[PDB]
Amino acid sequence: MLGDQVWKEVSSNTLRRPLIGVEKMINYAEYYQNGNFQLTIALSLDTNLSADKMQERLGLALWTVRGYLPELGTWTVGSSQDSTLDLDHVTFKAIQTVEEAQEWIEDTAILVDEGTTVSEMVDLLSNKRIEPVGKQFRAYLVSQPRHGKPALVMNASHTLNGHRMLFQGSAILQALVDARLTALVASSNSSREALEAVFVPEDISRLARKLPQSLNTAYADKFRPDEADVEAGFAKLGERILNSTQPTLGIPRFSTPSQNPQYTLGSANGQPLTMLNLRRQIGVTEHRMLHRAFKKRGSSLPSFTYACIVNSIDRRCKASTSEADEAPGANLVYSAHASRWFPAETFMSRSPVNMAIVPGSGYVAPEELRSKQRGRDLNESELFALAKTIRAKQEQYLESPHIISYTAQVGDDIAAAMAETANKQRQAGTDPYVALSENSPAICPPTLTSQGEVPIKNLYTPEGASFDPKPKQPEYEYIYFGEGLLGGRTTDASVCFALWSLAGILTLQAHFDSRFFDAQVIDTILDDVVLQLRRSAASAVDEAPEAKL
């Protein structure tokens, strides 16, 4: 009941709950750091729907999805009665009229102008903060690109989202070909007339049970921690604090931000697009081979990838926080998903946890990341040993959910310090990019978040959603997606590596602002990692050729 009681009726048709934990930290970063962490995901579509059909169905599709996913209509920036800005709560307004519903549809289901490509949309959206501040989700239909395939492009705040956006997208794609929606559009003069037929005023009593809750309240409710549980979480907090001070290798940022960034995605508003997502994609067949080859070594694709990132940063940058006479270690900065401790029902329809990230920490000792024989030039055996070390340290850091016992306190501390720092920087007239970088470490530690394939249905027909191969022989209206694109947003002076899979396609990418890092160096590290993955896999498969099947 802690989950229900937390959303309180605060006005006639408005629910409100406090933000708690990582979600509160994220909300403050999005406000004070120009949309830091915000997510853009494109689902690239093959479809025999005309652009015209998709355009006339999109708004009603989004409205239909909102009916069972009211999470799409939440809001996280408001005020109190005393004027003051409020970053500490999430609110939900239950829509009571057709006009209000139509307003929300037209603000949230965007038809992109003829010509703009999916890649251009991902670049544009990942290079700015969502507006108005507080808005949590927007869907863009790119139905008439001048080249490339059409796509559903979603832009979301990270405060209440993550993995969940793929399911939100899947629901929208299902609605676009739903037989009942198609009949509605066919029988109505307009979207507004259709809406007028099927509109039901939203009921805060029923919808409260479907709105997202903090991981922290789901944790309290499911695990009911006692004092020993709290003690175990406090120990994992001490670990993260100490690891953040130990000598570490990493990628050095510019001492001062670049005023003429030389790597951009073009220019919009007259200003360069400097938030970059450098990507390496691995196809379905090669992905399977990599996955099996590293299992044959007793390793895993995510941990071996981390080892290669750590080693390639070491070799390419030769940058550390320690002295020259002292080999550094590696501070591991990574995220973990709470599904490792919570059942799948935690992430479904009843009070779902829609942002389930817990910060992870670990420290590779100097003797574990360098070889006595080869120094930084680790051979394949040594990289597998480093992978196993990294994996073991993550497994011990994450062995228990009681980490969550301190994320509310850490979230409060980071949020308060961010607001106080931002107010001080404003009063001092600090340049905005200097302000986003001066508090960042001169050396960015190796930062990799790894995501297993999320099983999202790939085929949508009037009979529903299914898992199937790309249509060779369409029998009805259908939508199929065979590839995704991620645009992460990192506005502070850090480099974030992301490893993820969608539709069997493996993507390794780095996102960062080129005002703060040499993009050529990051590009070289990504190339090094892919080369090491392929060479180590080929050697593993040479010893065990069965791993090719």
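Numbering starts at 1 and follows the sequence shown.
Taking only CA atoms, the mean B-factor in the PDB entry is higher for 140-148 than for the other of 171-179 and 140-148. Stretch comparison (315-323 versus 70-78) by mean CA B-factor in the PDB entry places 315-323 on top.
Of the candidates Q102, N155, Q451, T274, it is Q451 whose Cα B-factor is highest according to the PDB record.
Each of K135, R206, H89, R292 has a CA temperature factor in the record; the biggest one is found at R206. Compared with the other modelled residues of the chain, the Cα B-factor recorded for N34 ranks in the middle third.
Among all modelled residues in this chain, the alpha-carbon of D492 has a temperature factor (C-alpha) in the middle third. Annotation for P212: C-alpha temperature factor in the lowest third relative to the rest of the modelled chain, per the entry.
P469: CA B factor lies in the highest third for its chain, per the PDB record. In the PDB entry, a CA B factor belonging to the highest third of its chain's modelled residues is recorded for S50.
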